[PDB]
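Here is the structure we will look at, set down as structure tokens.
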RNA sequence: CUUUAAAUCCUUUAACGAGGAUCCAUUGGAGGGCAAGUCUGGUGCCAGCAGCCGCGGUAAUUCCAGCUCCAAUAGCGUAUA
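Residue numbers (my numbering), protein chains in the order written: chain U, 1 to 99; chain G, 100 to 240; chain D, 241 to 297; chain S, 298 to 482; chain V, 483 to 703.
So this is what it looks like as structure tokens:
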């Protein structure tokens, strides 16, 4: 509904391996692998898929854990990409809902 | 009882001793394995150096994470995992600092929704966490 | 916002009010005397459910 | 090897239930009516009454015409009639068990000063005793928990070194008198 | 607000021919009007609610909850009773439990511990009552001991007039209804026990139904 | 002054020594177990509380602060045999 951007302690990541036990692996836009955690509103109200644009929170004393906040589906994700936040090597690969 | 003879005392004593050893609390309280596996070594409190901070998660009923530190003791060399109790008291602790850990409430048992943690932090840098949390004393600079 | 699991967030963003300067409270024998008086000789015969000491319904 | 005693004991027993209702009600009633300070005093009186009752019970489980029973039972009975909680018409071993906490708390020095007729209230009686105003047989008492005897009840009066029983006045009388002398001079 | 007795016992009590419920207990007649006892025992019959326990029944459209009330009744110098009633509402269940408790009260007897001086204060012997898995034992105590019990049998023993008792319970005492019914059956057994205080040959006096039948045939059909 | 090898401590005793008698009593709680607010403001499954049931999802009786109340009282709470 609204375009909210990243802040201090938050960034964007791409889901690489979709696991169980309410956690997943996401590749952050800084160049490090992290074990993210599914938020309490993100278990069943929304469904997180692979290769999607998500909001990932930083951890200030350990640097191998994270947690996920939001999810951008198609148009706000491509509008955020048009603004410029990521290295251009990463590929969207047309992330949206299929038919 | 079953033996009701006038000269039946050795059998009753041996049966009571065998059924006493065949128990739970007497079994942990009389072997050396249950006290040897204890990282405190039969002690109420222990000291050690904090290496790192870990955010351990809660159980399935409730959704939060628990701020925790990992302690390597000096009396035996074992590595334990102790919870920082109050709100915002993790910021009073940094790496390579000594703390005084204690039990967490149920005598070597995970209490509440925190899995795999049986200890808590009482004092940090030779001053209590309650005095720092209530704003009575200050960390020595 | 900042981060989700910030250490000491709520106590850090809590509003700060000050204590109110009040009269001191009696302690010792006179505290028990006041409690006995207020609980046993200032009571009126009532019916139903007895009201609590802190009832503010 | 030092020459000490190392002999001491507790004078009270805490109750089993920490948060009850009716027990706290009669404890508060006893404290407010007898002007006590805390629950430790009424628990102490309850403990010594329980010890006396326990001794009376274990002597009452015994048989008659036993000389040690007759001896220390008569010792207990003469102690209980000389302390003021028993009468001569009830000099029997079973009548010890019919005693109450009111009988032990009525021989306290505070309520004896209050009922003797020289104190306004029982808290005023405790203040009067604590500030060294009375004496019991040519000897002042600084404490309210002085359990009097039957033969020493008629000797309680004001102390000689007190402004109430005739003596030197206190400090606010002398200070106000000196202020009046300064204002008049 | 008037008394219209449907039984000849209630009419006979209302006609001032029965002095007290002593002979009613002696002849072991069932009491089916709860206000006969309320006439005999009036303002000296206090009560309070032990526990309101909700029970539910599963249907197609959810659960139909119902409230069950436990109340203790009795004068502090003798008789004591207990009643159980369940209904839809709380107040209706409580008033039905009050009527059912006052309908069925039993007399208790008191004895001595050793010497027979003064008034009786304790349970005369060792009685036991059992219902469900709960066992309640009543043991005599010396004078001035008090009631050493759980709070529910303690309040039942104080409302029954017994001043001194030692107790020992076994079973699932967390269920209040079974515990209360067990101590009620324990204290109700004080007259079914035979003691050598009463071994003389009793005389069978005439029943009120035989004694006042000429009054009854005139007062009712 | 007494005590004491000589002192100190206690007791005795003259001169001073309290009105909000500022000469100012704390420790744990307030859903049940278990005595005691369906109070107010803030965060909003976050922070955290919770020995056990469980409490927090943008109207919290349980979190964080103020008021009020409750248990013991120069004492109270916590961890281990």
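Yeah, the Cβ is synthetic: ideal placement off N, Cα and C, and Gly gets one too.
Item                                                                                                                                        : Value
Distance between beta carbons of residue 25 (chain U) and residue 17 (chain U), contact taken as under 8 Å                                  : 4 Å
Residue-level contact to chain D via CB, residue 63 (chain U), 7 Å cutoff                                                                   : no
Contact test: residue 263 (chain D) Cβ vs the ligand ADP heavy atom, cutoff 6 Å                                                             : Ligands displayed in this structure: none; no statement on the ligand ADP is therefore possible.
Buried or exposed (CB count within 10 angstroms, at least 16 for buried), residue 150 (chain G)                                             : exposed
Helix, strand or coil at residue 11 (chain U) [DSSP, three-state]                                                                           : strand
Contact between the stretch 161-169 of chain G and the stretch 122-129 of chain G (3+ Cβ pairs under 8 Å)                                   : no
Residues within the stretch 416-434 of chain S neighbouring chain D, beta-carbon criterion of under 8 Å                                     : 420 and 423
is_contact[residue 7 (chain U), chain D] using C-beta, thresh 7 Å                                                                           : yes
Every unbroken alpha helix (DSSP H) inside the stretch 334-366 of chain S [4 residues or more]                                              : 336-357
Other residues of its chain near residue 9 (chain U): CB distance less than 8 Å, five sequence neighbours each side excluded                : 57, 58 and 60
DSSP-derived helix/strand/coil call for residue 27 (chain U)                                                                                : strand
6 Å CB neighbourhood of residue 539 (chain V) in its chain, flanking five on each side removed                                              : 546
Closest by C-alpha distance to residue 570 (chain V), when choosing among V:549, V:647 and V:556                                            : V:549
Beta carbon proximity, residue 272 (chain D) to chain S, threshold 7 Å                                                                      : yes
CB contact below 7 Å: residue 440 (chain S) versus chain D                                                                                  : no
Residue closest to residue 216 (chain G), alpha-carbon to alpha-carbon, out of G:229, G:223 and G:201                                       : G:201
Pairwise C-alpha distance: residue 397 (chain S) and residue 594 (chain V)                                                                  : 20 Å
Closest Cα partner of residue 399 (chain S) within the set S:437, S:447, S:390 and S:326                                                    : S:326
Under the three-state DSSP convention, the category residue 284 (chain S) falls into                                                        : As shown, chain S starts at 298 and ends at 482. That puts residue 284 (chain S) outside it, with no answer to give.
Check whether residue 171 (chain G) and residue 148 (chain G) have beta carbons under 7 Å apart                                             : yes
Chain-order list of residues whose beta-carbon lies under 7 Å from that of residue 516 (chain V) (same chain, five-residue window excluded) : 581, 584 and 585
Nearest to residue 306 (chain D) (by Cα), restricted to the options S:334, S:323 and S:330                                                  : The requested residue 306 (chain D) is not part of the displayed model; chain D covers only 241 to 297.
Residue 503 (chain V) vs residue 522 (chain V) beta-carbon contact at 7 Å                                                                   : yes
Same chain only: Cβ atoms within 7 Å of residue 507 (chain V), ignoring 5 sequence neighbours per side                                      : 589
Alpha-carbon to alpha-carbon, residue 638 (chain V) and residue 631 (chain V)                                                               : 10 Å
Chain-ordered chain G contacts of residue 59 (chain U) [CB-CB under 9 Å]                                                                    : 154
Near-chain S residues of the stretch 616-637 of chain V - C-beta to any C-beta below 9 Å                                                    : 624, 625, 626, 627 and 633
Touching by the beta-carbon criterion (3+ pairs, under 8 Å), the stretch 602-610 of chain V and the stretch 669-685 of chain V              : yes
Residue 404 (chain S) versus residue 445 (chain S): straight-line alpha-carbon distance, rounded                                            : 6 Å
C-beta contact flag for residue 552 (chain V) and residue 533 (chain V) at 7 Å                                                              : yes
Collapsed DSSP secondary structure at residue 249 (chain D) in the structure displayed                                                      : helix
Residue 381 (chain S) vs residue 447 (chain S) beta-carbon contact at 7 Å                                                                   : yes
Alpha helix (DSSP H) runs contained entirely in the stretch 606-643 of chain V, provided each spans 4 or more residues                      : 633-641
Min CB distance residue 281 (chain D) to chain G below 7 Å                                                                                  : no
Contact the stretch 219-227 of chain G vs the stretch 28-42 of chain U: 3+ CB pairs below 8 Å                                               : no
Residue burial classification, residue 512 (chain V) (beta-carbon count within 10 angstroms, cutoff 16)                                     : exposed
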